[PDB]
Amino acid sequence: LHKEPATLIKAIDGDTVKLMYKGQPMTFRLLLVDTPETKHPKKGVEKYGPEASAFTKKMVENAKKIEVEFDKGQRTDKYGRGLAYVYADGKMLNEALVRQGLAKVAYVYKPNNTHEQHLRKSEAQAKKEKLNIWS
């Protein structure tokens, strides 16, 4: 696995960001994590939706450098979204949300599961500290 450069276009919510990637706008969905939703059809904003969403927004807007890392499987979902690990200044945003109690570790699909052990461990820690989602 390799980090590639990307540029911010716009943060969409806690787990979706639009990035310019090899000169193309593309929407990216964060591998293995589920944030509460702000745009979700039923139920309007979920609890911690606005906070997961502000966390992602601040992280990417204040970054010097944004990089995307694809896993070993398919690289786009059915909706056309890139599926990646996102790094803002070397910190992986997917782990950072999970660590802060602002995302759950998703239902994982081999082969896109390289960093799954590392995220279940941050989630264990967030639960143990009872953060946000877990209070």
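Note that the numbers count up from 1, one per residue, in the order the chain is shown.
Using the three backbone atoms N, Cα and C, a Cβ is placed for every residue, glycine included.
Quick look at what Swiss-Prot lists:
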{"type": "BINDING", "residues": "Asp15, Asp34, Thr35", "note": "Ca(2+) binding site"}
{"type": "ACT_SITE", "residues": "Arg29", "note": "active site"}
{"type": "ACT_SITE", "residues": "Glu37", "note": "active site"}
{"type": "ACT_SITE", "residues": "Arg81", "note": "active site"}
{"type": "COMPBIAS", "residues": "115-131", "note": "compositional bias 'Basic and acidic residues'"}
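Location within the structure of each feature annotated in Swiss-Prot.
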| residue | record | DSSP class |
| --- | --- | --- |
| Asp15 | Ca(2+) binding site | coil |
| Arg29 | active site | strand |
| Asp34 | Ca(2+) binding site | strand |
| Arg81 | active site | coil |
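Annotation for the recorded positions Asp34, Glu37: lowest Cβ count within 10 Å of the residue's own Cβ, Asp34. If you look at the compositional bias 'Basic and acidic residues' (115-131), the same-chain residues 6 or more away from its ends with a CB under 8 A from one of its CBs are 31-33, 71, 85, 92, 94-95, 98-102, 104-105, 108. A Cβ within 8 Å of the Cβ centre of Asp15, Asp34, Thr35, the residues given for Ca(2+), is found for these other residues of the same chain: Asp13, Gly14, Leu30, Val33, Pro36, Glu37, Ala52, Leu97, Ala103, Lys104, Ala106. If you measure from the Cα atom of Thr35 (Ca(2+) binding site) to that of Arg29 (active site), you get 11 Å. When the C-alpha distances from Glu37 (active site) to the recorded positions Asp15, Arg29, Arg81 are tabulated, the minimum falls on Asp15.
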